[PDB]
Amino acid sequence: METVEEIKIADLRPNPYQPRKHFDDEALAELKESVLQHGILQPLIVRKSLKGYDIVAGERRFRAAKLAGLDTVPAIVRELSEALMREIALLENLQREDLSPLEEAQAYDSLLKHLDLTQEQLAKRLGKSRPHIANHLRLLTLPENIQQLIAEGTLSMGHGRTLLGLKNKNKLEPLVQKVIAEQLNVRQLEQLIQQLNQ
């Protein structure tokens, strides 16, 4: 039976097989904020070495914990060959599916209702910006069929966002059919919507 250990930040060493080459400061601030709200929800995977503990999965969490003022992170300590460490460094990130834009928006909407929160309060609680939450919730004001098209992938989310800018909704559904039939890009749609609006 494995345990989750609290490992001191001073004892942690970089992932020797780190596949991430860029650490976005904005995204780390989001993770920091979430850690301040909920703590680290997911234990790191680490491997005990002579000098300390090498991270196998969790470098962002580690950086977020430091930003948040924590002195330890939760971790599962495993004995692993170099080959397993190389594989798992990738697989922990590779073998997962993110939520779609619409699944995210529906989640925000469900939390607003069941947690009884404003969008500002939800952004704080989730560690996301207020514009990020508002832009996703706006997708839920599009016609049902267009939401379906976006989910099915027949329309991009970028098209969805651009469609919100249309003044006269009488042209909305013909505009979507044109986008699809002509495989228009988002910039072409922006330009059509500007004229229609004017």
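Throughout, we count residues from 1 along the sequence that is shown.
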{"property": "Mean Cα B-factor comparison, 44 to 52 or 60 to 68, giving the higher one as deposited", "result": "44 to 52"}
{"property": "Residue stretch of maximal mean CA temperature factor, 141 to 149 vs 28 to 36", "result": "141 to 149"}
{"property": "Third of chain Cα B-factors occupied by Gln18", "result": "lowest"}
{"property": "B-factor third for the C-alpha atom of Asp116 within its chain", "result": "highest"}
{"property": "Chain third (lowest, middle, highest) by recorded CA B-factor, residue given as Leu192", "result": "highest"}
